[PDB]
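S.K.: Sharing a structure here in structure tokens format.
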Amino acid sequence: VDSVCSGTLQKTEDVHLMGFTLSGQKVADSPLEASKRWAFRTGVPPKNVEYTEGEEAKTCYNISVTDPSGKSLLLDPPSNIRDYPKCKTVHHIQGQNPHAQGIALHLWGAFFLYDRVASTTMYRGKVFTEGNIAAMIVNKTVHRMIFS
Amino acid sequence: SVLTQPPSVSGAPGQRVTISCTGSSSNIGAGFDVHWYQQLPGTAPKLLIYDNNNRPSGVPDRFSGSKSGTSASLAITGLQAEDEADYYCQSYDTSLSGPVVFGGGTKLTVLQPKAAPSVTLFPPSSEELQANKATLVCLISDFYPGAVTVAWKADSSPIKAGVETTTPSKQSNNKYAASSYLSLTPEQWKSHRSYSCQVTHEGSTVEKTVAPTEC
Ligand SMILES: *[C@@H]1O[C@H](CO)[C@@H](O[C@@H]2O[C@H](CO)[C@@H](O[C@@H]3O[C@H](CO)[C@@H](O)[C@H](O)[C@@H]3O)[C@H](O)[C@H]2NC(C)=O)[C@H](O)[C@H]1NC(C)=O
Ligand SMILES: *[C@@H]1O[C@H](CO)[C@@H](O[C@@H]2O[C@H](CO)[C@@H](O)[C@H](O)[C@H]2NC(C)=O)[C@H](O)[C@H]1NC(C)=O
């Protein structure tokens, strides 16, 4: 129904934020292609946001990037950053950048997805996949049937 | 070994030959370039093909590279005998296996005709004999294929004892070479009239002989 009143939210638990991948959006995810969407920049503070469920990822990345001196250009992961839950193929990459400064920011405005945490930046050594999230109401009964 | 290559590939001269290299999603399938190396027997690898299909100056137009899907291949047109070597494929890797990955390696064998061995047998050195030791040096090289039988016989009676024989190994001309040593005491060398080392290749047996002749 198109009405504002259509829909019921009984507990906060029934708000579900789902992470959908860019691979699921038929976007090229090869490491060489994927990296063309990532870029370094200063003056931007990385932000993180919690979500509840996510799509099984086609591909993920486990990346460490430094400057020539060996100092990471990627931020150390916060306590609450865990490797993405379900990746079919992880791309482990470790290297250095000759002339880059700041932090890794996704170009499309998409998020770096980890385990129930989306971010505007790439965390060093943590498994992630690219994606976006969407909010919806799912009651427990509906939730129980899907996941079981 | 992570990238898979043909254990062995052959071909006649003037022929077009192909050497494959297929990996996983990580090494090639991910989109990473493929590099090829040439290794002549006993030497260090040479950059043959880089960035999938490019030739560094010093490489013939006879050589060409190609990539499609999870595979990459090397093409040789106008196959020369010079080309007989060991071939290796390279690709960046995103798997647990490290960034740089090599293939298993390929024995490229360009056709050779049958070649009878050149056998030279030397009697124990007089200097060596002074040390109370005595060895006979049987040397057969320039032959193909790499397979020979060595027989040692005091006079007319063969004896399979004191024998140290090598495995054939090809030379720069891609023909094999093998050496055999017979360890005797100087008195055994003296006791018999003559010693004979005979090598059997292609149904034809070469029987050189030596004897205790001081001069
Ligand atoms: C994602 O990639 C990172 C590397 O970029 C992997 O992290 C590595 O985790 C292992 C195990 O925790 C670390 O090994 C140990 O390191 C300590 C020193 O910190 C050393 O004393 C031990 O002997 C051992 O080698 C490794 O250092 C660490 N690397 C970094 C740069 O943090 C991570 O495991 C990858 N994730 C997955 C799911 O594979
Ligand atoms: C949402 O998905 C669309 C569709 O792919 C993305 O659009 C791409 O945006 C980039 C950057 O502007 C362009 O280079 C591509 O050509 C666009 N794709 C298409 C098919 O038009 C959009 O950027 C995505 N945004 C988020 C937040 O995920």
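Note on naming: chains are A, B, ... as they come in the structure tokens, residues start from 1 per chain, ligands start from 1 in the order shown.
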Would you name the residues within 7 Å of ligand 2, counting only C-alpha atoms and all ligand atoms, and put them as a PyMOL selection string?

M.R.: chain A and resi 22+25+27+108-110+131-132

S.K.: Applying 7 Å and only C-alpha atoms, which residues near residue 92 of chain B remain after dropping the ones on its own chain fewer than 6 positions away? List them as a list in words.

M.R.: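 These residues fall inside the cut-off: residues 27, 32, 99, 100 and 101 of chain B.
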
S.K.: Tell me, counting only C-alpha atoms and all ligand atoms, for each residue of chain A within 10 Å of ligand 1, which pair of atoms is nearest and how far apart they are in Å to one decimal, in rows ordered by chain and increasing number, as JSON lines.

M.R.:
{"residue": "A:60", "atom": "CA", "partner": "ligand 1", "partner_atom_place_in_ligand_line": "38 (C)", "distance": 10.0}
{"residue": "A:61", "atom": "CA", "partner": "ligand 1", "partner_atom_place_in_ligand_line": "1 (C)", "distance": 8.2}
{"residue": "A:62", "atom": "CA", "partner": "ligand 1", "partner_atom_place_in_ligand_line": "1 (C)", "distance": 4.7}
{"residue": "A:63", "atom": "CA", "partner": "ligand 1", "partner_atom_place_in_ligand_line": "5 (O)", "distance": 5.7}
{"residue": "A:64", "atom": "CA", "partner": "ligand 1", "partner_atom_place_in_ligand_line": "5 (O)", "distance": 5.2}
{"residue": "A:65", "atom": "CA", "partner": "ligand 1", "partner_atom_place_in_ligand_line": "5 (O)", "distance": 8.8}
{"residue": "A:72", "atom": "CA", "partner": "ligand 1", "partner_atom_place_in_ligand_line": "31 (C)", "distance": 9.7}
{"residue": "A:76", "atom": "CA", "partner": "ligand 1", "partner_atom_place_in_ligand_line": "32 (O)", "distance": 9.4}
{"residue": "A:82", "atom": "CA", "partner": "ligand 1", "partner_atom_place_in_ligand_line": "38 (C)", "distance": 9.5}
{"residue": "A:83", "atom": "CA", "partner": "ligand 1", "partner_atom_place_in_ligand_line": "38 (C)", "distance": 6.5}
{"residue": "A:84", "atom": "CA", "partner": "ligand 1", "partner_atom_place_in_ligand_line": "38 (C)", "distance": 8.7}
{"residue": "A:85", "atom": "CA", "partner": "ligand 1", "partner_atom_place_in_ligand_line": "38 (C)", "distance": 9.8}
{"residue": "A:87", "atom": "CA", "partner": "ligand 1", "partner_atom_place_in_ligand_line": "38 (C)", "distance": 9.6}
{"residue": "A:90", "atom": "CA", "partner": "ligand 1", "partner_atom_place_in_ligand_line": "38 (C)", "distance": 7.9}
{"residue": "A:91", "atom": "CA", "partner": "ligand 1", "partner_atom_place_in_ligand_line": "1 (C)", "distance": 9.0}
{"residue": "A:92", "atom": "CA", "partner": "ligand 1", "partner_atom_place_in_ligand_line": "2 (O)", "distance": 6.2}
{"residue": "A:93", "atom": "CA", "partner": "ligand 1", "partner_atom_place_in_ligand_line": "5 (O)", "distance": 7.1}
{"residue": "A:94", "atom": "CA", "partner": "ligand 1", "partner_atom_place_in_ligand_line": "5 (O)", "distance": 6.2}
{"residue": "A:95", "atom": "CA", "partner": "ligand 1", "partner_atom_place_in_ligand_line": "5 (O)", "distance": 9.5}
{"residue": "A:124", "atom": "CA", "partner": "ligand 1", "partner_atom_place_in_ligand_line": "5 (O)", "distance": 6.9}
{"residue": "A:125", "atom": "CA", "partner": "ligand 1", "partner_atom_place_in_ligand_line": "5 (O)", "distance": 4.1}
{"residue": "A:126", "atom": "CA", "partner": "ligand 1", "partner_atom_place_in_ligand_line": "1 (C)", "distance": 5.5}
{"residue": "A:127", "atom": "CA", "partner": "ligand 1", "partner_atom_place_in_ligand_line": "1 (C)", "distance": 6.2}
{"residue": "A:128", "atom": "CA", "partner": "ligand 1", "partner_atom_place_in_ligand_line": "1 (C)", "distance": 9.7}

S.K.: Just want the 9 Å neighbourhood of segment 2-5 of chain B, counted on only C-alpha atoms, with same-chain residues fewer than 3 positions away dropped. Output as a list in words.

M.R.: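 Once the adjacent positions are removed, what remains is residues 8, 19, 20, 21, 22, 23, 24, 27, 28, 87, 88, 89, 90, 91, 97, 101, 102, 103, 104, 105 and 106 of chain B.
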
S.K.: Take the residues from that selection and put them in a file with N, CA, C and O atoms, as a PDB file, in the first residue's frame.

M.R.:
ATOM      1  N   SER B   8      56.405 -31.482 -21.015  1.00  0.00           N
ATOM      2  CA  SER B   8      57.204 -31.673 -22.211  1.00  0.00           C
ATOM      3  C   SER B   8      56.471 -31.332 -23.507  1.00  0.00           C
ATOM      4  O   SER B   8      55.296 -31.667 -23.668  1.00  0.00           O
ATOM      5  N   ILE B  19      53.269 -23.442 -26.239  1.00  0.00           N
ATOM      6  CA  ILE B  19      53.464 -23.829 -24.835  1.00  0.00           C
ATOM      7  C   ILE B  19      52.441 -23.114 -23.948  1.00  0.00           C
ATOM      8  O   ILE B  19      52.486 -21.902 -23.809  1.00  0.00           O
ATOM      9  N   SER B  20      51.562 -23.887 -23.314  1.00  0.00           N
ATOM     10  CA  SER B  20      50.452 -23.385 -22.501  1.00  0.00           C
ATOM     11  C   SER B  20      50.852 -23.088 -21.050  1.00  0.00           C
ATOM     12  O   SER B  20      51.851 -23.616 -20.553  1.00  0.00           O
ATOM     13  N   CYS B  21      50.051 -22.245 -20.378  1.00  0.00           N
ATOM     14  CA  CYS B  21      50.209 -21.847 -18.981  1.00  0.00           C
ATOM     15  C   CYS B  21      48.832 -21.468 -18.451  1.00  0.00           C
ATOM     16  O   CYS B  21      48.310 -20.408 -18.802  1.00  0.00           O
ATOM     17  N   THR B  22      48.223 -22.359 -17.652  1.00  0.00           N
ATOM     18  CA  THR B  22      46.887 -22.125 -17.098  1.00  0.00           C
ATOM     19  C   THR B  22      46.906 -22.144 -15.569  1.00  0.00           C
ATOM     20  O   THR B  22      47.420 -23.084 -14.956  1.00  0.00           O
ATOM     21  N   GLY B  23      46.368 -21.092 -14.963  1.00  0.00           N
ATOM     22  CA  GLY B  23      46.340 -20.985 -13.519  1.00  0.00           C
ATOM     23  C   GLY B  23      44.938 -20.936 -12.952  1.00  0.00           C
ATOM     24  O   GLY B  23      44.022 -21.567 -13.476  1.00  0.00           O
ATOM     25  N   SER B  24      44.774 -20.179 -11.873  1.00  0.00           N
ATOM     26  CA  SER B  24      43.481 -20.051 -11.220  1.00  0.00           C
ATOM     27  C   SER B  24      42.864 -18.681 -11.470  1.00  0.00           C
ATOM     28  O   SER B  24      43.210 -17.996 -12.430  1.00  0.00           O
ATOM     29  N   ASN B  27      46.059 -15.806 -10.308  1.00  0.00           N
ATOM     30  CA  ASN B  27      47.235 -15.568 -11.154  1.00  0.00           C
ATOM     31  C   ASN B  27      47.084 -15.001 -12.570  1.00  0.00           C
ATOM     32  O   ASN B  27      47.854 -14.131 -12.971  1.00  0.00           O
ATOM     33  N   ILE B  28      46.115 -15.475 -13.336  1.00  0.00           N
ATOM     34  CA  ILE B  28      45.967 -14.983 -14.699  1.00  0.00           C
ATOM     35  C   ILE B  28      44.566 -14.462 -14.898  1.00  0.00           C
ATOM     36  O   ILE B  28      44.343 -13.356 -15.386  1.00  0.00           O
ATOM     37  N   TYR B  87      61.219 -23.799 -20.701  1.00  0.00           N
ATOM     38  CA  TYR B  87      60.376 -22.606 -20.733  1.00  0.00           C
ATOM     39  C   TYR B  87      59.525 -22.446 -19.487  1.00  0.00           C
ATOM     40  O   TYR B  87      58.936 -23.416 -19.005  1.00  0.00           O
ATOM     41  N   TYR B  88      59.488 -21.211 -18.953  1.00  0.00           N
ATOM     42  CA  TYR B  88      58.767 -20.882 -17.726  1.00  0.00           C
ATOM     43  C   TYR B  88      57.831 -19.684 -17.877  1.00  0.00           C
ATOM     44  O   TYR B  88      58.221 -18.666 -18.452  1.00  0.00           O
ATOM     45  N   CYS B  89      56.596 -19.816 -17.347  1.00  0.00           N
ATOM     46  CA  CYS B  89      55.553 -18.750 -17.373  1.00  0.00           C
ATOM     47  C   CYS B  89      55.522 -17.988 -16.007  1.00  0.00           C
ATOM     48  O   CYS B  89      55.775 -18.561 -14.952  1.00  0.00           O
ATOM     49  N   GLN B  90      55.230 -16.683 -16.030  1.00  0.00           N
ATOM     50  CA  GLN B  90      55.196 -15.849 -14.809  1.00  0.00           C
ATOM     51  C   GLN B  90      53.887 -15.068 -14.724  1.00  0.00           C
ATOM     52  O   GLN B  90      53.380 -14.711 -15.748  1.00  0.00           O
ATOM     53  N   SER B  91      53.319 -14.842 -13.531  1.00  0.00           N
ATOM     54  CA  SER B  91      52.131 -14.016 -13.371  1.00  0.00           C
ATOM     55  C   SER B  91      52.023 -13.541 -11.927  1.00  0.00           C
ATOM     56  O   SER B  91      52.457 -14.235 -11.009  1.00  0.00           O
ATOM     57  N   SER B  97      49.402 -18.037  -1.910  1.00  0.00           N
ATOM     58  CA  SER B  97      50.696 -18.249  -2.516  1.00  0.00           C
ATOM     59  C   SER B  97      51.154 -16.801  -2.822  1.00  0.00           C
ATOM     60  O   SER B  97      50.366 -15.931  -3.232  1.00  0.00           O
ATOM     61  N   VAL B 101      54.481 -15.770  -8.996  1.00  0.00           N
ATOM     62  CA  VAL B 101      54.300 -17.176  -9.215  1.00  0.00           C
ATOM     63  C   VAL B 101      54.839 -17.668 -10.540  1.00  0.00           C
ATOM     64  O   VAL B 101      54.665 -17.027 -11.573  1.00  0.00           O
ATOM     65  N   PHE B 102      55.502 -18.827 -10.492  1.00  0.00           N
ATOM     66  CA  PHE B 102      56.049 -19.475 -11.685  1.00  0.00           C
ATOM     67  C   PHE B 102      55.313 -20.746 -12.003  1.00  0.00           C
ATOM     68  O   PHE B 102      54.706 -21.370 -11.120  1.00  0.00           O
ATOM     69  N   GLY B 103      55.397 -21.136 -13.269  1.00  0.00           N
ATOM     70  CA  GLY B 103      54.806 -22.378 -13.685  1.00  0.00           C
ATOM     71  C   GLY B 103      55.750 -23.528 -13.484  1.00  0.00           C
ATOM     72  O   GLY B 103      56.927 -23.334 -13.182  1.00  0.00           O
ATOM     73  N   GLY B 104      55.233 -24.730 -13.678  1.00  0.00           N
ATOM     74  CA  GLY B 104      56.007 -25.968 -13.508  1.00  0.00           C
ATOM     75  C   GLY B 104      57.284 -26.109 -14.373  1.00  0.00           C
ATOM     76  O   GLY B 104      58.219 -26.798 -13.970  1.00  0.00           O
ATOM     77  N   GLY B 105      57.312 -25.470 -15.546  1.00  0.00           N
ATOM     78  CA  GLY B 105      58.461 -25.541 -16.447  1.00  0.00           C
ATOM     79  C   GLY B 105      58.222 -26.539 -17.576  1.00  0.00           C
ATOM     80  O   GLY B 105      57.727 -27.644 -17.333  1.00  0.00           O
ATOM     81  N   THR B 106      58.601 -26.158 -18.806  1.00  0.00           N
ATOM     82  CA  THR B 106      58.383 -27.015 -19.977  1.00  0.00           C
ATOM     83  C   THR B 106      59.624 -27.417 -20.781  1.00  0.00           C
ATOM     84  O   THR B 106      60.331 -26.561 -21.322  1.00  0.00           O
TER      85      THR B 106
END

S.K.: Counting only C-alpha atoms, what is within 12 Å of residue 12 of chain A, bar same-chain residues fewer than 3 positions away, as JSON, numbers by chain?

M.R.: {"A": [8, 9, 15, 16, 17, 52, 136, 137, 138, 139, 140]}

S.K.: Selection from above, C-alpha atoms, as a short mmCIF file (atom, residue, chain, number, x, y, z; two decimals), in the first residue's frame, can you write it?

M.R.:
data_model
loop_
_atom_site.label_atom_id
_atom_site.label_comp_id
_atom_site.auth_asym_id
_atom_site.auth_seq_id
_atom_site.Cartn_x
_atom_site.Cartn_y
_atom_site.Cartn_z
CA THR A 8 4.57 -1.94 11.12
CA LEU A 9 7.71 -1.73 13.23
CA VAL A 15 15.09 -2.86 11.27
CA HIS A 16 17.45 -4.66 8.95
CA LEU A 17 20.27 -3.10 6.99
CA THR A 52 22.87 -6.23 10.05
CA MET A 136 13.98 -2.36 5.49
CA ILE A 137 11.50 -3.79 7.97
CA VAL A 138 11.55 -7.52 8.53
CA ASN A 139 9.75 -9.07 11.47
CA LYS A 140 11.19 -12.11 13.22
#

S.K.: Quick one, how far is atom CA of residue 46 of chain B from atom CA of residue 174 of chain B?

M.R.: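 A separation of 17.7 Å between them.
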
S.K.: Mind checking DSSP for segment 82-147 of chain A and telling me the strand (DSSP E or B) residues as a ChimeraX atom specification?

M.R.: /A:87-96,103-106,111-113,117-119,121,123,127-137

S.K.: Can you tell me, as a short mmCIF file (atom, residue, chain, number, x, y, z; two decimals) with N, CA, C and O atoms, in the first residue's frame, what residues are no more than 9 Å from residue 100 of chain A when counting only C-alpha atoms, ignoring any on the same chain fewer than 5 positions away?

M.R.:
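What landed in selection.cif:
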data_model
loop_
_atom_site.label_atom_id
_atom_site.label_comp_id
_atom_site.auth_asym_id
_atom_site.auth_seq_id
_atom_site.Cartn_x
_atom_site.Cartn_y
_atom_site.Cartn_z
N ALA A 39 41.11 5.29 -4.28
CA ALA A 39 42.04 6.40 -4.44
C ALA A 39 42.42 7.05 -3.11
O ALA A 39 41.64 7.07 -2.17
N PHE A 40 43.63 7.61 -3.06
CA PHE A 40 44.09 8.23 -1.83
C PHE A 40 43.87 9.73 -1.74
O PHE A 40 43.99 10.46 -2.73
N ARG A 41 43.54 10.17 -0.54
CA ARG A 41 43.21 11.56 -0.30
C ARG A 41 43.28 11.97 1.14
O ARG A 41 42.99 11.19 2.06
N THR A 66 51.46 0.67 1.59
CA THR A 66 52.20 1.64 2.36
C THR A 66 52.73 2.71 1.45
O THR A 66 52.42 2.81 0.26
N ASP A 67 53.58 3.52 2.06
CA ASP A 67 54.36 4.50 1.35
C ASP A 67 55.70 3.80 1.16
O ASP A 67 55.89 2.74 1.77
N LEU A 73 49.70 3.35 4.34
CA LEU A 73 48.81 4.38 3.86
C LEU A 73 47.37 4.02 4.24
O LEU A 73 46.45 4.82 4.05
#

S.K.: Using only C-alpha atoms, tabulate the residues of chain B lying at most 7 Å from any atom of chain A, each with its closest atom pair and that distance in Å to one decimal, by chain and increasing residue number, as JSON lines.

M.R.:
{"residue": "B:30", "atom": "CA", "partner": "A:30", "partner_atom": "CA", "distance": 5.3}
{"residue": "B:31", "atom": "CA", "partner": "A:30", "partner_atom": "CA", "distance": 6.7}
{"residue": "B:94", "atom": "CA", "partner": "A:91", "partner_atom": "CA", "distance": 4.8}
{"residue": "B:95", "atom": "CA", "partner": "A:92", "partner_atom": "CA", "distance": 5.9}
{"residue": "B:96", "atom": "CA", "partner": "A:92", "partner_atom": "CA", "distance": 6.8}

S.K.: Only N, CA, C and O atoms, please: the residues just picked out, written as a short mmCIF file (atom, residue, chain, number, x, y, z; two decimals), in the first residue's frame.

M.R.:
data_model
loop_
_atom_site.label_atom_id
_atom_site.label_comp_id
_atom_site.auth_asym_id
_atom_site.auth_seq_id
_atom_site.Cartn_x
_atom_site.Cartn_y
_atom_site.Cartn_z
N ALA B 30 42.59 -13.23 -12.99
CA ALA B 30 42.34 -11.95 -12.35
C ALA B 30 42.66 -10.83 -13.29
O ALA B 30 42.25 -9.69 -13.07
N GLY B 31 43.39 -11.14 -14.35
CA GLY B 31 43.72 -10.08 -15.29
C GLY B 31 45.19 -9.73 -15.27
O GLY B 31 45.61 -8.77 -15.93
N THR B 94 47.21 -13.29 -6.47
CA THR B 94 46.46 -12.70 -5.35
C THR B 94 46.08 -13.70 -4.27
O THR B 94 45.43 -13.35 -3.29
N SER B 95 46.49 -14.95 -4.46
CA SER B 95 46.22 -16.04 -3.54
C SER B 95 47.19 -16.04 -2.36
O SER B 95 48.09 -15.20 -2.28
N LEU B 96 47.01 -16.99 -1.46
CA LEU B 96 47.87 -17.11 -0.29
C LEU B 96 49.28 -17.31 -0.81
O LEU B 96 50.24 -16.82 -0.22
#

S.K.: Excluding same-chain residues fewer than 5 positions from segment 120-131 of chain B, what lies within 8 Å of it counting only C-alpha atoms, as a list in words?

M.R.: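 Result of the neighbour search: residues 136, 137, 138, 139, 140, 186, 197, 208, 209, 210, 211 and 212 of chain B.
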
S.K.: Would you put the residues from that selection into a file with N, CA and C atoms, as an mmCIF file, in the first residue's frame?

M.R.:
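The resulting file, part26.cif, is reproduced below:
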data_model
loop_
_atom_site.group_PDB
_atom_site.id
_atom_site.type_symbol
_atom_site.label_atom_id
_atom_site.label_comp_id
_atom_site.auth_asym_id
_atom_site.auth_seq_id
_atom_site.Cartn_x
_atom_site.Cartn_y
_atom_site.Cartn_z
ATOM 1 N N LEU B 136 90.017 -45.613 -14.312
ATOM 2 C CA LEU B 136 89.914 -45.566 -15.761
ATOM 3 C C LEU B 136 88.804 -44.581 -16.088
ATOM 4 N N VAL B 137 89.053 -43.711 -17.057
ATOM 5 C CA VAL B 137 88.087 -42.695 -17.429
ATOM 6 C C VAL B 137 87.509 -42.943 -18.802
ATOM 7 N N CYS B 138 86.241 -43.351 -18.828
ATOM 8 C CA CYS B 138 85.505 -43.650 -20.056
ATOM 9 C C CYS B 138 84.622 -42.439 -20.314
ATOM 10 N N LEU B 139 84.781 -41.801 -21.472
ATOM 11 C CA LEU B 139 84.025 -40.585 -21.751
ATOM 12 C C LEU B 139 83.286 -40.613 -23.075
ATOM 13 N N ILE B 140 81.958 -40.658 -23.014
ATOM 14 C CA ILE B 140 81.153 -40.656 -24.226
ATOM 15 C C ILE B 140 80.232 -39.441 -24.259
ATOM 16 N N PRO B 186 96.056 -50.352 -8.320
ATOM 17 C CA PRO B 186 97.053 -50.387 -9.369
ATOM 18 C C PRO B 186 97.460 -51.810 -9.796
ATOM 19 N N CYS B 197 86.360 -50.697 -22.189
ATOM 20 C CA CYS B 197 85.116 -50.046 -21.850
ATOM 21 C C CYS B 197 84.347 -50.001 -23.155
ATOM 22 N N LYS B 208 86.436 -49.308 -27.243
ATOM 23 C CA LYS B 208 87.851 -48.793 -27.112
ATOM 24 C C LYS B 208 88.587 -49.638 -26.032
ATOM 25 N N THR B 209 89.922 -49.744 -26.086
ATOM 26 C CA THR B 209 90.681 -50.531 -25.106
ATOM 27 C C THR B 209 92.016 -49.891 -24.708
ATOM 28 N N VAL B 210 92.478 -50.184 -23.492
ATOM 29 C CA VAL B 210 93.752 -49.664 -22.995
ATOM 30 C C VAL B 210 94.529 -50.776 -22.296
ATOM 31 N N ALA B 211 95.822 -50.564 -22.105
ATOM 32 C CA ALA B 211 96.645 -51.568 -21.451
ATOM 33 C C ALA B 211 97.803 -50.888 -20.716
ATOM 34 N N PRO B 212 98.396 -51.549 -19.703
ATOM 35 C CA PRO B 212 99.520 -51.020 -18.953
ATOM 36 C C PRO B 212 100.785 -50.780 -19.791
#

S.K.: As an exercise, work out the distance from atom CA of residue 77 of chain A to atom CA of residue 18 of chain A in Å and give it to one decimal place.

M.R.: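 That distance, rounded to one decimal, is 21.8 Å.
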
S.K.: So how far away is atom CA of residue 168 of chain B from atom CA of residue 117 of chain B, in Å?

M.R.: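 Those two atoms sit 11.3 Å apart.
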
S.K.: Can you tell me, as a list in words, what residues are no more than 8 Å from residue 107 of chain B when counting only C-alpha atoms, ignoring any on the same chain fewer than 5 positions away?

M.R.: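 Those residues are residues 6, 7, 8, 9, 84, 85, 86 and 87 of chain B.
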
S.K.: From the options B:55, B:26, B:214, B:165, which residue's atoms come nearest to residue 179 of chain B, counting only C-alpha atoms?

M.R.: B:165

S.K.: Just asking: which residues within segment 66-203 of chain B are helix (DSSP H, G or I) according to DSSP, as a list in words?

M.R.: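 These are the residues in question: residues 81, 82, 83, 126, 127, 128, 129, 130, 186, 187, 188, 189, 190 and 191 of chain B.
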
S.K.: Restrict the selected residues to N, CA, C and O atoms and save them as a tab-separated table (two decimals), in the first residue's frame.

M.R.:
chain	number	residue	atom	x	y	z
B	81	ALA	N	66.59	-25.28	-34.11
B	81	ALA	CA	67.18	-26.24	-33.18
B	81	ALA	C	67.65	-25.50	-31.92
B	81	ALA	O	67.62	-26.05	-30.81
B	82	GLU	N	68.04	-24.23	-32.13
B	82	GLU	CA	68.47	-23.27	-31.12
B	82	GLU	C	67.48	-23.09	-30.00
B	82	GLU	O	67.84	-22.77	-28.86
B	83	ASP	N	66.22	-23.29	-30.32
B	83	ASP	CA	65.13	-23.08	-29.42
B	83	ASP	C	64.99	-24.16	-28.34
B	83	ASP	O	64.27	-23.95	-27.36
B	126	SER	N	99.78	-41.71	-14.32
B	126	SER	CA	100.95	-42.22	-13.59
B	126	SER	C	101.14	-41.52	-12.24
B	126	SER	O	101.56	-42.14	-11.26
B	127	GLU	N	100.76	-40.24	-12.20
B	127	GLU	CA	100.78	-39.47	-10.97
B	127	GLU	C	99.81	-40.06	-9.96
B	127	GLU	O	100.12	-40.20	-8.78
B	128	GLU	N	98.61	-40.38	-10.45
B	128	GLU	CA	97.54	-41.01	-9.67
B	128	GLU	C	97.99	-42.36	-9.13
B	128	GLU	O	97.79	-42.66	-7.95
B	129	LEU	N	98.61	-43.17	-9.99
B	129	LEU	CA	99.12	-44.48	-9.62
B	129	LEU	C	100.12	-44.40	-8.47
B	129	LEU	O	100.10	-45.24	-7.58
B	130	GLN	N	100.93	-43.34	-8.45
B	130	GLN	CA	101.86	-43.10	-7.34
B	130	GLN	C	101.12	-42.97	-5.98
B	130	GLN	O	101.70	-43.24	-4.93
B	186	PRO	N	96.06	-50.35	-8.32
B	186	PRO	CA	97.05	-50.39	-9.37
B	186	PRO	C	97.46	-51.81	-9.80
B	186	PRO	O	97.76	-52.04	-10.97
B	187	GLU	N	97.45	-52.75	-8.85
B	187	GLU	CA	97.80	-54.13	-9.12
B	187	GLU	C	96.79	-54.85	-10.00
B	187	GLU	O	97.16	-55.76	-10.74
B	188	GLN	N	95.52	-54.46	-9.92
B	188	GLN	CA	94.51	-55.05	-10.78
B	188	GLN	C	94.70	-54.56	-12.19
B	188	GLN	O	94.61	-55.34	-13.16
B	189	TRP	N	95.00	-53.26	-12.31
B	189	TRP	CA	95.31	-52.64	-13.59
B	189	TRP	C	96.47	-53.37	-14.27
B	189	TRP	O	96.39	-53.71	-15.46
B	190	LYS	N	97.52	-53.64	-13.50
B	190	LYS	CA	98.69	-54.36	-13.98
B	190	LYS	C	98.42	-55.83	-14.29
B	190	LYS	O	98.88	-56.34	-15.32
B	191	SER	N	97.69	-56.52	-13.40
B	191	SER	CA	97.43	-57.95	-13.54
B	191	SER	C	96.86	-58.36	-14.89
B	191	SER	O	97.30	-59.35	-15.48
